[PDB]
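Trainee: to kick things off, part of the complex as it is:
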Amino acid sequence: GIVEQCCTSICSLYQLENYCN
């Protein structure tokens, strides 16, 4: 999930946008 991709590991704009509506 998002915590695994952005918190535990380094985040990226590509991944963050996957969570926008």
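Mentor: Structure's in. What do you need? Numbers count the residues shown, from 1 in each chain, chains lettered A, B, ... in the order given.
Trainee: separation between residue A:1 and residue A:17?
Mentor: 15 Å (C-beta to C-beta, to the nearest Å). Any C-beta I mention is one placed from the backbone N, CA and C, and that applies to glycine too.
Trainee: which one is residue A:2 nearest to, not counting chain neighbours?
Mentor: Excluding its sequence neighbours, the residue lying closest to residue A:2 (C-beta to C-beta, 6 or more residues apart in numbering) is residue A:19, at 5.9 Å.
Trainee: for that neighbour, give me phi and psi.
Mentor: phi -100, psi 0 (degrees, to the nearest 10).
Trainee: further, place chain B onto the existing structure:
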Amino acid sequence: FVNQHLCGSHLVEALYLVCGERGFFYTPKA
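Mentor: Putting chain B together with the chains above:
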């Protein structure tokens, strides 16, 4: 502000700034 470890309120803040008027969904348990 996006390319680092973002947790808790710090992650929520990033989603807020990036998504803008589109909004977003935050799911810690996924």
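Trainee: where's residue A:17 relative to chain B, distance?
Mentor: Plainly put, residue A:17 is 7 Å away from chain B if you go by C-beta to the nearest C-beta, to the nearest Å.
Trainee: contacting residues around that residue?
Mentor: Contacts for residue A:17 were tallied using C-beta atoms under 8 Å, 6 or more residues apart in numbering or on different chains; they are B:18, B:19.
Trainee: that one belongs to a helix?
Mentor: Yes: counting by DSSP: H, G, I helix; E, B strand; the rest coil, residue A:17 falls inside a helix.
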